[PDB]
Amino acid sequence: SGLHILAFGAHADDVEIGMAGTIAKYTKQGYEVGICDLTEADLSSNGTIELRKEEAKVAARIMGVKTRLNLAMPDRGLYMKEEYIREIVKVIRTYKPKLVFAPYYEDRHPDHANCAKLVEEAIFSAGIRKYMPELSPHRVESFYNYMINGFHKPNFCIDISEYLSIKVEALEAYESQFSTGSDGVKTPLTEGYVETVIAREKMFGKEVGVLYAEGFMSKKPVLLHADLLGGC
């Protein structure tokens, strides 16, 4: 039928950092969300690709994500390439996502911007019939950006107060990334990173009058219907 949400990350844990709470919130309401990791994060200082993929599976189940893909594009190699756009178009056209999410570009990790750029190009081409005509076109309704590193004034927020614990659980599934363990090394991700993610969501929460909120960017104004006065 088609995914309600397809969220792209450069590396498994990107989507979790940006929007694990939102995903958990909406999968619980019965919406179908998929995650597509562009790379296997082979250059990550800690862990292995297989371990990372296993953690991605654990995280997916925590978030109620039934569909998780890895396009196996090179870590630190998300250049603006036709072949990569093609691969993402294939994903978009296969899963027909109503909404697509990708990282926000203003991020210390260039892969995140590069992922967003590829996804943006792919979203546009996905709706073009004559492009890759072997697959039926799909028009994504909206493209939004979640935040990985740092913070920005969000265009919109999703209240994740009831789902923060699940987000932390989803994040903690990436043991290799955010914890040293027995043979791991100290990285920015190991040293108070998950705490920083919680902090951001607390900060965004306060902005909108809730305990924890995830913040999102949108190139277009968000369309309000039921959320203006509530009632759903």
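Note that residue numbering begins at 1 and tracks the sequence as displayed.
**OP:** Decide which of the stretches 38-46 and 178-186 has the higher mean C-alpha B-factor, going by the entry.
**Re:** Looking at the record's C-alpha B-factors, the answer is 178-186.
Original post:
Which is higher in the entry, the mean Cα B factor of 189-197 or that of 160-168?
Top reply: Between 189-197 and 160-168, it is 189-197 that shows the higher mean C-alpha B-factor.
Original post:
Among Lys130, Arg76, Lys117, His138, which residue carries the highest C-alpha B-factor recorded in the PDB entry?
Top reply: In this record, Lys130 carries the highest C-alpha B-factor of the candidates.
**OP:** State the tercile, meaning the lowest, middle or highest third, of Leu228 with respect to the CA B-factors recorded for its chain.
**Re:** For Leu228, whose C-alpha B-factor we compare with every modelled residue in the chain, the answer is the middle third.
Original post:
According to the PDB entry, is the CA B factor of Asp107 in the bottom, middle or top third of its chain, that is, lowest, middle or highest?
Top reply: Middle third by C-alpha B-factor.
Original post:
Thinking about Cα B factors across the chain, which third does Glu87 belong to?
Top reply: It belongs to the middle third of the chain when residues are ordered by C-alpha B-factor.
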